[PDB]
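In structure tokens, one chain follows: the form deposited in one PDB entry.
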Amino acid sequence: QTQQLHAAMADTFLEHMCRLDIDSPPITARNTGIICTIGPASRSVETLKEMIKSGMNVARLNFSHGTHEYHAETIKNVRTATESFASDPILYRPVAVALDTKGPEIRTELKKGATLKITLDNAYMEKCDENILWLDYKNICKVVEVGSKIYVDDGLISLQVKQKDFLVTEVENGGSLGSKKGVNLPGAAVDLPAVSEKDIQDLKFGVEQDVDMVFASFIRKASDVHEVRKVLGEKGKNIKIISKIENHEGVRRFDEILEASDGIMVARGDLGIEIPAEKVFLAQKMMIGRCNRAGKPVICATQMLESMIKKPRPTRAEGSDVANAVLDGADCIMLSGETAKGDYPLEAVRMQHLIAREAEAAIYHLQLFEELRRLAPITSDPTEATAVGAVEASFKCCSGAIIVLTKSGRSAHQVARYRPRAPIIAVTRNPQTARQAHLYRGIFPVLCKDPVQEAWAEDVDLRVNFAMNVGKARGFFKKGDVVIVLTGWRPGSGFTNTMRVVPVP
């Protein structure tokens, strides 16, 4: 009757669909992380408080615009808002800070059929027109070929190369050209640096400001990830790198990118300029699938609730897009203009919360858990076996939660990859771990502030009890419900090995 448990019991996916029930209410817990882009509409300490109450887990700062002093003040406000709830550790919600890079860029009426010359000659830097268009990408001729397409201004204008310091092009799709418009080269192996000079300064500032994760723009190959990793350096070795896949080469070389990264963003805006817009859903489902197979976080981004920039309710296509991203297996969903500049930032966050929670209940865990196991390698790793054991146990007794003690987050990540229905309450004393855990579907991170007990086994038990208080206080479960608890046999990371089925006290 609740959380689509009738549908959960269907022996086929078709029958599962047939039983989905709008009058079967979901549980309180919402598993999918919500990433909110902060800007003029959401920047104030007072609005940030409401953003957190509405369900924001990660504050994204877009470094395509704004000064370091500007972003430093946004981060300060985020932390002011976040720590205003710190007095009660039971109810405190960690909030992560994400730095999203500008990344490499190419920058500059026009009738269809007309001929346009692209010039790299610096003489035309401030004198672009209907006949000659200057671009700042010096190696463009080396990466394009006759018949190559060139997009200008967020894909509005389309050119085709006819002759390859210059390129003779024919206007395929025409419109009003302007100053400093963005250029995309579909199918081209663009050889711009992994990080611009601006990016290097921005990433170092990210380390200064103690950010949790970096969303690295325009990642094309594993060596781009390694360059971002190198810039973050020893000091930033624990900041998660999320590679943004934005073009054809990124999609083609996705496997090597995933391996080198901590996670992925499906950057649908630019991806739908670089490849045909009708193919974007294929790229999204492929990347979410492969991330799910690897146990690495994946974010669905861009235009998910776009109309809510101007309207208090989303379109039906937007509601569908959010639900389907969750059903695809996205760990996180994202809001951009909707929260950064729109008239309804709080409504947009609340709607993502509501849809995600409904969608999580409609998941067909029977088949999903079955397939994840089948494709899960047999390894000698004790934590992996303990984690799969915990998820299986959680299904067998419909547990209220899986409670996991973790220093680095890894033990909770290993549970998350198996996609339990039960929320995963990850108890840590490491504040960064608490914040970074929002990247993983199902993890509800809690930061334990209690002193270390003198008997280590008592300290373990204290943290488990803290998780029990959190679940009760947040309405995930009640006294007498059964929960799964994951602990280790000695202190320090890498020793999670104990799964217990326990009553909520």
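Each residue number is its position in the shown sequence, starting from 1.
Same protein, other form: the form deposited in another entry, not shown, and the subject of what follows.
A hinge is where C-alphas change from fitting one rigid part better to fitting the other better; between this form and the one not shown, that place among 265, 463, 194, 322 is 194. Note: the CA-CA distance for residue 180 and residue 335 contracts in that other deposited form relative to this form, by 3 angstroms or more. Between this form and the other one, the CA-CA gap for residue 61 and residue 180 narrows by 3 Å or more, being smaller in that other deposited form.
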